[PDB]
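Below you will find one chain, with nothing else, as structure tokens; this is the form deposited in one PDB entry, and questions on how it binds or moves follow later.
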């Protein structure tokens, strides 16, 4: 069983690498969640921007009654399952003590039929945090162990979100920034604190064009000034 995991990995990588539809990824998440005796799955992504109220997108086969309930009560703001501080090796076991500061969410979950669950998370190249949760409606498997699950989940989180990025799904995709290589170079220098006057000296071009590219750079994102553009670029790693 040490070997059939390694091959499982290789099929999985190949499956996910060559998937051409978003609905195929979620399909595979669902297939695997079932093979592992979980009824419900949930794939959640926290974006790095906007800095003040960053967007959160999700996809789940949860009972819609609970989804509607979950949103209505604003449970996202207090769900420990979406807090990386609570994880270990990117893994998290649901238990009663975990919901010590969010009692309303936990019993409400019990009431809707979510008794046991597990969550895996990782960070993506666009700096967005992705969270995959599994849940079942039978009391079971409290002490998991279960190292193969963690590893199975480790992979299922990564490649699905990796597949979804290749497919430009907005659940995972950050704001589009197709900049000329020259335009991006000026940004690296803007983030270093250089004035258009100062940037002009080093790159040997007119200050008229520096100011021109900046506004053109701001066009394709529609930001007020050079500061927001640099920060969005830096927050996503486009500039490094």
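Whichever C-alpha set is largest while still superposing within 1.5 Å between the two forms counts as the rigid core. Positions refer to the first chain, counted from 1.
Just going by the entry, 117-125 versus 102-110 on mean CA temperature factor gives the higher value to 102-110. Of the two segments, 29-37 and 200-208, the one listed with the higher mean B-factor is 200-208 (C-alpha atoms only). Going by the entry's values, 214 shows the largest Cα B-factor out of 52, 60, 214, 68. The entry lists C-alpha B-factors for 142, 162, 76, 151, and the highest of these is at 142. Annotation for residue 228: CA B-factor lies in the lowest third of the chain's modelled residues. For residue 138, the recorded CA B-factor ranks within the highest third of the chain. Only modelled residues enter the ranking. Among all modelled residues in its chain, residue 146 ranks in the highest third by Cα B-factor. In the deposited entry, the Cα temperature factor of residue 175 places it in the highest third of its chain's modelled residues. Among the modelled residues of its chain, residue 168 has a C-alpha B-factor that falls in the middle third according to the deposited record.
The same protein also exists as the form deposited in another entry; that form is not shown, yet it is the one meant from here on.
After superposing the rigid core, the C-alpha of residue 123 moves by less than 2 Å between the shown form and the other one.
Comparing the forms between the shown form and the other one on their rigid core, the Cα displacement of residue 217 reaches 2 Å or more. With the core held fixed, residue 141 shows a CA shift of 2 Å or greater between the shown form and the other one. In that other deposited form, the CA atoms of residue 36 and residue 143 come closer by at least 3 angstroms compared with the shown structure. In that other deposited form, the separation between the C-alpha atoms of residue 83 and residue 143 grows by 3 Å or more relative to the displayed form.
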